[PDB]
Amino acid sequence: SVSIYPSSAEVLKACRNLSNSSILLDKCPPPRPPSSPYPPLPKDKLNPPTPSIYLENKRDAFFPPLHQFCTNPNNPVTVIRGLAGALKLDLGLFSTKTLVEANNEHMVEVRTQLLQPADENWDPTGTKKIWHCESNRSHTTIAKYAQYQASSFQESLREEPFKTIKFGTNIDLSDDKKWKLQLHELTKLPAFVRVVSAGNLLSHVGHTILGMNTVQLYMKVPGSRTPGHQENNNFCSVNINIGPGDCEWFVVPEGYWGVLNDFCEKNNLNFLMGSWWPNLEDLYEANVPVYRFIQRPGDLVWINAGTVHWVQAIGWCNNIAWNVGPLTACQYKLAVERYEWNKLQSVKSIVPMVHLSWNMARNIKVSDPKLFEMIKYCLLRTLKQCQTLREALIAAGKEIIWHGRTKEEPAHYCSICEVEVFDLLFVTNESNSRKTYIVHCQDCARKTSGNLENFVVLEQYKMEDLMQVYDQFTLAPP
């Protein structure tokens, strides 16, 4: 019941300033990748069994402890067995035959890959095992990928230096007028895995983040790989295998992501943006535990926050996937941590955590003190940053044009460095007049116009609005 944060009036008065007391240490320790976790694990604990939920009845899927089992930080992944059958989900709505009938001209992002043996990844000459995973981009239609997927299967039915294969990825199932029956089928899921829910942080973004708060579909042939990654901004993820074939999952706990980052660097690969497939022998030598399991048709895979993982098709199948963000301190903490790390790495945060945090403060009554403090700390830092910049512009006599923002207007990012740009947008005079609105962050704008002569400053939010949202965000009763 104790407020530990200053009021918006106090933050503003603090910004109106050499001799006065501080309100907070604006300096913050910079993000870095963690060392190998303590305590270290012996060899006999490096192949742990996968946390599993065995569903039989529709009632089983709505059992409240399921959500807590999945979000438990000690469980890096949970496989929910029999989920589609328990809910009488019609997986046929996502079959390739149904997709071709529904939208045969829909776009498919093809990844062209080498068919690699089992859990291994070899150089293209088949000489040695390497971490780099060849996966080159092209685009086709559902109709044409479907023909390939079907012909691949017929060819193998004939009983039979790596084969080239094609993985159909990132098929956009967001348009409810093209995918009405498919999307309605997913409303049968329990709330904690649904694409849209009041308890899903990504449902509070206020705009589409494609493939995170909308569904994407994947069409596969054996060997189709999603290489090593953490989810965007460490958000939990949901994956259902449509079948008819199986998928194989490889999972490492979040706490080892620094070790994996180091493995990538040692192999001349970028952890966040590169294409890499771990060598299991390297991980075993370094005492990194690996969860490894098969996802059958109708099985749902829950990837917990920040879990490091990589996946391959064993047979022919489709999968559907999206992300969710539990309303938890752990989820928010890891999303903010990766947001900060992404800035230092100049990697775009697909989830605009500042925009989202302010929407969370508008919409959500937070009753957990630890989560509440994290969100309000973020509001404090960004409110102070905005008012500081605003005063600096006013002090230099730089006009601030009221721009406002429309319904569901997305967060904007810097066209140069790809940082989120919140509230105060820097746009060149030319881009403003032509309404291209190429946003720059402050730092990137100044690098080409130290006094901002070539730029206008557009203001999205009234400062009074932000101050009121901040003051009205208080700890909710349990």
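The term rigid core refers to the most C-alpha atoms you can superpose between the two forms while keeping them within 1.5 Å. Residue indices: 1-based, along the sequence shown.
Between 399 to 407 and 226 to 234, greater CA displacement relative to the shown form is found for 399 to 407 when the structures in 4 other deposited structures of this protein are fitted on the core. Two stretches, 37 to 45 and 431 to 439, are weighed by how far their CA atoms sit from the shown form in 4 other deposited structures of this protein after rigid core superposition; the farther one is 431 to 439. Not even a third of the other compared entries skip residue 468; each one keeps it along with the residues on either side.
In at least a third of the other PDB entries of this protein that model the residues around it, residue 19 has no coordinates. Deposited sequence between residue 22 and residue 23: no residues lack coordinates (chain continuous). Deposited sequence between residue 160 and residue 161: 10 or more residues lack coordinates. Higher average CA B factor: 443 to 451, of the stretches 443 to 451 and 406 to 414. According to the PDB record, 23 to 31 carries the higher mean C-alpha B-factor of the two stretches 416 to 424 and 23 to 31. Sorting 125, 226, 331, 213 by the CA temperature factor given in the entry leaves 125 at the top. Set against one another, the Cα B-factors of 130, 311, 378, 221 in the record reach their highest point at 130.
In the PDB entry, a CA B factor belonging to the lowest third of its chain's modelled residues is recorded for residue 40. Compared with the other modelled residues of the chain, the Cα B-factor recorded for residue 204 ranks in the lowest third. Sort the modelled residues of the chain by CA B factor and residue 71 lands in the middle third.
Looking at the C-alpha B-factors along this chain, the one for residue 111 belongs to the middle third. When the modelled residues of the chain are ordered by their C-alpha B factor, residue 194 lands in the lowest third.
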